[PDB]
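K.L.:
compute the structure for the input listed below.
(5 chains, ligands or ions: 8)
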Amino acid sequence: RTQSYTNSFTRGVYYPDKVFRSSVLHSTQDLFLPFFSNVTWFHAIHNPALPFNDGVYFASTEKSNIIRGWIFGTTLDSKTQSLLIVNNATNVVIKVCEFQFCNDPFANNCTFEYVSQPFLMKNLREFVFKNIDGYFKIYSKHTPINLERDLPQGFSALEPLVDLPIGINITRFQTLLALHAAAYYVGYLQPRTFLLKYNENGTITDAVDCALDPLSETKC
Amino acid sequence: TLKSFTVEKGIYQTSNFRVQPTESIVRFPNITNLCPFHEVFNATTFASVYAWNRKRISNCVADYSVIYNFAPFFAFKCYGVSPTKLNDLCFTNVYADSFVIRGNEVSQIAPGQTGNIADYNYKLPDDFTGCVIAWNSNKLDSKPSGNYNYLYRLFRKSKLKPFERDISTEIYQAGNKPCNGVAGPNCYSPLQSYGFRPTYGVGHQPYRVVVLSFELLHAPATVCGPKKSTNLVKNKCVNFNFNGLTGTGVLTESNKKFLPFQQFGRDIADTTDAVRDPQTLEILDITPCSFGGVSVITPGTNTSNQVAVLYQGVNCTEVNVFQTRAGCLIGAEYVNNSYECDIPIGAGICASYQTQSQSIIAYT
Amino acid sequence: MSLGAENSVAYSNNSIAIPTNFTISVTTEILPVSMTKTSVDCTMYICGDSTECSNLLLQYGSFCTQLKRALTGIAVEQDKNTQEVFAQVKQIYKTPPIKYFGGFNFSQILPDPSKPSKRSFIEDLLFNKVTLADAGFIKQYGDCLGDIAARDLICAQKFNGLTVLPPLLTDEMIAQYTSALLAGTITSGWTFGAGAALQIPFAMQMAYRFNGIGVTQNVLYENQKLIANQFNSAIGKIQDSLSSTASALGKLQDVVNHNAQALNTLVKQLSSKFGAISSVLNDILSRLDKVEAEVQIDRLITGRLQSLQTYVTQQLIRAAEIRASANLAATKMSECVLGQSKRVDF
Amino acid sequence: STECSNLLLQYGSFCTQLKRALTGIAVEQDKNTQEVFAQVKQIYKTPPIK
Amino acid sequence: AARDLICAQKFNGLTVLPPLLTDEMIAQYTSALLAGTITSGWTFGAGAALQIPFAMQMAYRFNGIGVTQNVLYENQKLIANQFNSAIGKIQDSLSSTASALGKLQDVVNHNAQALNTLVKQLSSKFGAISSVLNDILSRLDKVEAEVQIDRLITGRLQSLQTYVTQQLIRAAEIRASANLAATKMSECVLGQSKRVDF
Ligand SMILES: *[C@@H]1O[C@H](CO)[C@@H](O[C@@H]2O[C@H](CO)[C@@H](O)[C@H](O)[C@H]2NC(C)=O)[C@H](O)[C@H]1NC(C)=O
Ligand SMILES: *[C@@H]1O[C@H](CO)[C@@H](O)[C@H](O)[C@H]1NC(C)=O
Ligand SMILES: *[C@@H]1O[C@H](CO)[C@@H](O)[C@H](O)[C@H]1NC(C)=O
Ligand SMILES: *[C@@H]1O[C@H](CO)[C@@H](O)[C@H](O)[C@H]1NC(C)=O
Ligand SMILES: *[C@@H]1O[C@H](CO)[C@@H](O)[C@H](O)[C@H]1NC(C)=O
Ligand SMILES: *[C@@H]1O[C@H](CO)[C@@H](O)[C@H](O)[C@H]1NC(C)=O
Ligand SMILES: *[C@@H]1O[C@H](CO)[C@@H](O)[C@H](O)[C@H]1NC(C)=O
Ligand SMILES: *[C@@H]1O[C@H](CO)[C@@H](O)[C@H](O)[C@H]1NC(C)=O
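P.N.:
Numbering: from 1, shown residues only, chains lettered A, B, ... in the order given. Ligands and ions are numbered 1, 2, ... in the order given. Okay, here it is:
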């Protein structure tokens, strides 16, 4: 495949909890994507996998709707449990049980199932996957991007979507491909302290890092 | 409040007034099913330590008074909550973890402990809010030839994350020479059997352990204990029990744009400002009931026993009434004169004990 | 940093330097006098209508009684400071209807009856420039009950038992005191501060003021129009300086900001756990039995009591500083306004 | 110590107001020295004849 | 060899900041004030500095206190000798007697000893089992070391709050003294004062 590099451009902030806060500045320490970091761009025209390190961050600008899955795990071929989804116009059902995957995918508990609206609704698909204390957390948010060149400017907070009850230790992950091309951005989370700004409607409109440059430390 | 039988001429701040609540409201989500503690606490066998079984208890009504009848244990030892208060408040989800350990190793099932179970078999988080139950199984899990159906793991390369399960069966190597699948020199099996016998001492008897882990209210609550609901009323000073949150205040219909994943709204001083009703999806605003300090304006007890009451900083429709800028004055008559200040009250208003029958008057 | 421009004054044993002309200069000295009067209710702040916390609070002695005594002493002291500074005149003097004081234009400092609150132009500029924090001495509880948009900081201060008492003297009464002092200064001179007021023309009063500082009185009478024009241009320069520069009134803005941030810190200290399991008393009282909740409530009571004692101590030290400044302002009112001062740089 | 810092974080904002008090004293000392000594606009010099 | 007092103060987080004005700048300010007082008189404190002979300035200083100015001009050498002898007496008194500067030394000494106490209070136990934090972490498990750490944190916070309150009170006293010194510099150096015993 093809590997390139991109700056983050202050994107990847989310709601830290499920409490409504309005017109306040809140300082939270959590696994966040640091501002102006190195995000690896992957073009999948050709597939070895990627290491999982304290959660990841996925971005996609694919208008053609050819991304229909995320695969997690440790060894990726049976044994330990590997997440697998099916995305179409009908269901978003979750498969945790083993299948004995191949090299190019184009006996435990926690067999989650979920029938709901499709995840994939000039569009930006953002995702955050993290794992703390056996709890697996998913975050997602649509973004109607107009200037389709790179990761755009602004602050789009990510809605918390799915929390799993329990999971196995995860060190590796893959990405599905659709054939009858694909490009995704991968970033890595780090434990950081953020200062989030809430407007009168309770939405996160701005955020200041506390470890980027000394002006931001002074603002924190 | 002055600890004296005579007071002097002046204004004294005595206490505060507060409208008492008149009704009690308990709002719980509508739910019919009962939680199956009988399957957890009464089973023909329990899983091993290295492969502990977790059951997700949700969408039911949890009664904790039947746990004592199900199993003959001594102490319902908890860490974040109290055993007697578990039928009042309620949680989001319950997780029951069941295993059988040795009697010498029951003290390792606690937050912030090390050892052998707490390092390689079953590790609890430091912020653990839940209860641990252990009871004897000498008549169910002990054989005179040795019970060999229970295994524990003691050899591992690293520590264990909290609530991490490991069922891998690989031959442990503690040297440079590889085992290559043969348990030869410096090659060990990480799983060993307990070998329970009834002739052992009381410290080596098998104890069945069930760990009930609760998680706090951050989602819509779907498992709750038995409490009767009450019809909701608004614009009244009431006591409320919203999913275990007990408080006093008035509930108002509010236009707050709650996101669909959010359930609560907090203030600057970490006080709950807005709630979501559990039965119907409505947003309610909590405001504390009407209050204010009370000042007593009097001359000396040597002069008279008459007093005037200043209600501080209230437009007093919620108690001679005179509305000043520093509250309202009851018991003093306003006059259209101007004397020097005798007893100061507020923004340009002074009170004095004058004839013009003697009475307490207020003026500018 | 540069200490200043280098100068080498030419000194000799038979050489002197004598001025031939003068300037009339109007400066501005801004002095704090009083600060915000606050009152704290311990039962609502530490406990908040919790009966168990009230039962464990009466076993701590008489800490809140002496805290309320200290805050009441500060609140009385602020009104005493304002009365000591401003209420030095015994009557209320009024300027004559004819506005001719030798050519000196006092139209910008004397009040006008068009507006309801009788304040002058410069007083209006000084009142508009120092923005207030809008403390809850006005009866704001009707607005606090009917909450709109997000909750304000003042409503959160009021709901935790932290209130602000209004001062005894309103701004109209201070304006009346200032107008009486100005009328007695420009119609009588220094005689109204040492007995009855004695009328005198303003040109003769300025001749007395020049004769006080060693300059003979014929200098004024031969240069009256120039001195009047210099005074009027100085008043125009000071209204333009107050209209342009907003950093001159930093002392009163600091007085407002310190008493705002002390109450903000006192409110924000309620979220701290202080070593307990939660910062909310009802969650502790519901999640625990009697003894464990008693221990956690004891921890929270000790932490909140320590924070309140720190607030009261810092308020006492600030009150001492404000009282020293108010005594200095009272001395400056007694000496600069009610008479002429021979002290250098006073 | 990391554990001591984590338990100190629960005690609130005492250190912020203590640092604010010490910073206020520190700037007040320089204000005192400036208002005592810096009372002249120009730095004069004595003539060479004494 | 032995650890110094300043090193032990600095190793625990107590840092002494330098003043903004160096002693050369204070000496230049004092030299400017002395040159303006000797040459000009009181005229440099109320506008532009105007030169005057020192004998005529001293004649006006005599005329201020009610002595006719011919007294100076008929007794100029005697007054000059008396001033020179008084300056030499001040020189000898400062060279021999050292207890006259006991105020400023106290301003040093308190600001030493308070910091010294703030070091000594690190040795106290405050009801715990040890004053060393690493021994508490080494000997004890999670909850018990949390209790001991909470006791030590409460004790150290109480001692540090006491230090800050004492520093605030001393700052108020020093500010009052500095206001008095500023008034004396404005009224004695820059003019002639009619206030008695001032
Ligand atoms: C003393 O100074 C004043 C200014 O403060 C001089 O007044 C100015 O005189 C000039 C003469 O050409 C006029 O153009 C200005 O308008 C005057 N200024 C003001 C404010 O009136 C005055 O002339 C000086 N005295 C002497 C003797 O020169
Ligand atoms: C990201 O890392 C690569 C590694 O070689 C580097 O070349 C590139 O400049 C980095 N991107 C930045 C610093 O924006
Ligand atoms: C809050 O929402 C309203 C309605 O959508 C909108 O008019 C307003 O601009 C929003 N406020 C913001 C974005 O600060
Ligand atoms: C609970 O109440 C809501 C609204 O009152 C209703 O829509 C829902 O069907 C009820 N559920 C049950 C199980 O009764
Ligand atoms: C446990 O379950 C068995 C099987 O149904 C039953 O016979 C027994 O009475 C149960 N014991 C208790 C204490 O519920
Ligand atoms: C609140 O007090 C003001 C004071 O004059 C009064 O005008 C107003 O009517 C009051 N509001 C009420 C009674 O609702
Ligand atoms: C006066 O000044 C001149 C010039 O410096 C000098 O020569 C003369 O000696 C001085 N007079 C006396 C008496 O010293
Ligand atoms: C000066 O006095 C006159 C009265 O004759 C007045 O009209 C004018 O406004 C005054 N000047 C200013 C700047 O107020």
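K.L.:
ranges for the helices of the chain?
P.N.:
Reading this off chain A. For chain A, the helices defined by DSSP state H cover A:214-219.
K.L.:
actually it's chain C I care about, not the one you picked
P.N.:
Using DSSP H, helices in chain C cover C:42, C:51-55, C:63-86, C:121-129, C:141-145, C:153-159, C:171-187, C:202-212, C:218-221, C:224-244, C:250-268, C:281-287, C:290-332.
K.L.:
using CSV, lay out those helices together with distance to residue E:47 and mean neighbour count.
P.N.:
C-beta: built from backbone N, CA, C; applies to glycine. Converted to CSV, the helices of chain C look like this (distance: least, C-beta to C-beta, whole Å; neighbours: other C-beta atoms under 10 Å in any protein chain shown):
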stretch, distance to residue E:47, mean neighbour count
helix C:42, 58, 20
helix C:51-55, 67, 14
helix C:63-86, 30, 17
helix C:121-129, 26, 16
helix C:141-145, 55, 16
helix C:153-159, 49, 21
helix C:171-187, 25, 18
helix C:202-212, 16, 17
helix C:218-221, 16, 14
helix C:224-244, 15, 14
helix C:250-268, 26, 17
helix C:281-287, 67, 21
helix C:290-332, 22, 18
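K.L.:
spit out the contact partners of the residue nearest to residue B:120 when sequence neighbours are not counted.
P.N.:
Leaving out its chain neighbours, the residue that sits closest to residue B:120 by C-beta to C-beta, 6 or more residues apart in numbering or on different chains is residue B:156, at 4.5 Å. Going by C-beta atoms under 8 Å, 6 or more residues apart in numbering or on different chains, residue B:156 touches B:119, B:120, B:166, B:172, B:190.
K.L.:
out of the helices of chain C, which gets nearest to ligand 3?
P.N.:
Taking C-beta to the nearest ligand atom, helix C:153-159 is the member of those nearest to ligand 3, at 18.9 Å.
K.L.:
over to the residue in the stretch 101-250 of chain B that chain E sits nearest to: give its phi and psi.
P.N.:
Residue nearest to chain E within the stretch 101-250 of chain B: residue B:112 (2.6 Å; C-beta to the nearest C-beta). Here is the backbone geometry of residue B:112 (degrees, to the nearest 10): phi 70, psi 40.
K.L.:
doesn't residue B:128 make contact with it?
P.N.:
No - using C-beta atoms under 8 Å, residue B:112 makes no contact with residue B:128, being 9.2 Å away.
K.L.:
give me the more crowded residue out of those two.
P.N.:
For the pair residue B:112 and residue B:128, the greater number of neighbours falls to residue B:128 (20 against 15), based on other C-beta atoms under 10 Å in any protein chain shown.
K.L.:
surely that one meets residue B:78?
P.N.:
No - applying C-beta under 8 Å, one finds residue B:128 not in contact with residue B:78, separated by 9.8 Å.
K.L.:
which residues touch residue 19?
P.N.:
Since no chain was named, I'll use chain A. Contacts of residue A:19 (C-beta under 8 Å, 6+ apart): B:262, B:263, B:264, B:265, B:266.
K.L.:
my bad, chain B
P.N.:
Shown in contact with residue B:19 (C-beta under 8 Å, 6+ apart): B:237, B:289, B:290, B:291, B:318.
K.L.:
do the same with residue C:130
P.N.:
So residue C:130 contacts C:249, C:252, C:253, C:256 (C-beta under 8 Å, 6+ apart).
K.L.:
again with residue B:151
P.N.:
So residue B:151 contacts B:48, B:49, B:50, B:191, B:192, B:193, B:194 (C-beta under 8 Å, 6+ apart).
K.L.:
and it, how far from ligand 3?
P.N.:
Residue B:151 sits 59 Å away from ligand 3, taking C-beta to the nearest ligand atom, to the nearest Å as the criterion.
K.L.:
next one: phi and psi at that residue?
P.N.:
The phi/psi pair for residue B:151 (degrees, to the nearest 10) reads phi -120, psi 150.
K.L.:
what parts of chain A come near ligand 3?
P.N.:
A:199, A:200, A:201 (C-beta under 6 Å from any ligand atom).
K.L.:
ok, now how distant is the last one from residue C:309?
P.N.:
What that stands for is residue A:201. Going from residue A:201 to residue C:309 by C-beta to C-beta, to the nearest Å gives 40 Å.
K.L.:
could you report the neighbour count for the closest residue to residue B:47 other than its chain neighbours?
P.N.:
Distances taken as C-beta to C-beta, 6+ apart put residue B:53 closest to residue B:47, at 4.2 Å, once the chain neighbours are dropped. By other C-beta under 10 Å, the residues close to residue B:53 number 15.
K.L.:
can you list the residues of the stretch 1-150 of chain C near chain A?
P.N.:
C:149, C:150 (C-beta under 8 Å from any C-beta of the partner chain).
K.L.:
and the stretch 1-150 of chain C, which residues reach chain B?
P.N.:
That would be C:39, C:41, C:43-44, C:49, C:68, C:72, C:79, C:136-142, C:144-145, C:147, which are the residues of the stretch 1-150 of chain C within reach of chain B (C-beta under 8 Å from any C-beta).
K.L.:
please work out which residue of the stretch 1-150 of chain B is closest to ligand 2.
P.N.:
For the stretch 1-150 of chain B, C-beta to the nearest ligand atom, closest residue to ligand 2: residue B:125, 35.7 Å.
K.L.:
could you report the neighbour count for the residue of chain C found nearest chain B?
P.N.:
Distance from chain B to each residue of chain C (C-beta to the nearest C-beta) is smallest for residue C:271, at 3.7 Å. Other residues within reach of residue C:271, judged by other C-beta under 10 Å, total 16.
K.L.:
show me the contacts for it.
P.N.:
So residue C:271 contacts B:268, B:269, B:270, C:279, D:12 (C-beta under 8 Å, 6+ apart).
K.L.:
kindly report the same for residue C:121.
P.N.:
C:107, C:108, C:109, C:239.
K.L.:
just those now: which is nearest chain D?
P.N.:
Closest to chain D, out of all of the contacts of residue C:121 and judged by C-beta to the nearest C-beta, is residue C:239, at 25.5 Å.
K.L.:
where does residue B:26 land in three-state SS?
P.N.:
strand (DSSP: H, G, I helix; E, B strand; the rest coil).
K.L.:
spell out which parts of the stretch 101-250 of chain B neighbour chain A.
P.N.:
Contact residues (C-beta under 8 Å from any C-beta) of the stretch 101-250 of chain B with chain A: B:125, B:161, B:162, B:163, B:164, B:165, B:167, B:218, B:219.
K.L.:
neighbours around the residue in the stretch 251-364 of chain B that ligand 1 sits nearest to, how many?
P.N.:
Scanning the stretch 251-364 of chain B for proximity to ligand 1 using C-beta to the nearest ligand atom identifies residue B:348 as nearest, at 44.0 Å. By other C-beta under 10 Å, 19 other residues sit near residue B:348.
K.L.:
was I right to think it contacts residue C:170?
P.N.:
Yes - with contact defined as C-beta under 8 Å, residue B:348 and residue C:170 form a contacting pair (4.9 Å).
K.L.:
just the contacts of residue C:121 that are near ligand 3?
P.N.:
Within the set of the contacts of residue C:121, contact with ligand 3 (C-beta under 6 Å from any ligand atom) is found for no member.
K.L.:
gap between residue B:343 and ligand 2?
P.N.:
The value you get for residue B:343 to ligand 2, if C-beta to the nearest ligand atom is used, is 73 Å.
K.L.:
brain fart, residue C:244
P.N.:
46 Å.
K.L.:
quick one: contacts for that residue?
P.N.:
Counting by C-beta under 8 Å, 6+ apart, residue C:244 has no contacts.
K.L.:
what's the closest of the helices of chain C to residue B:278?
P.N.:
In terms of C-beta to C-beta, the element of these nearest to residue B:278 is helix C:281-287, at 16.3 Å.
K.L.:
cool, thanks, talk later.
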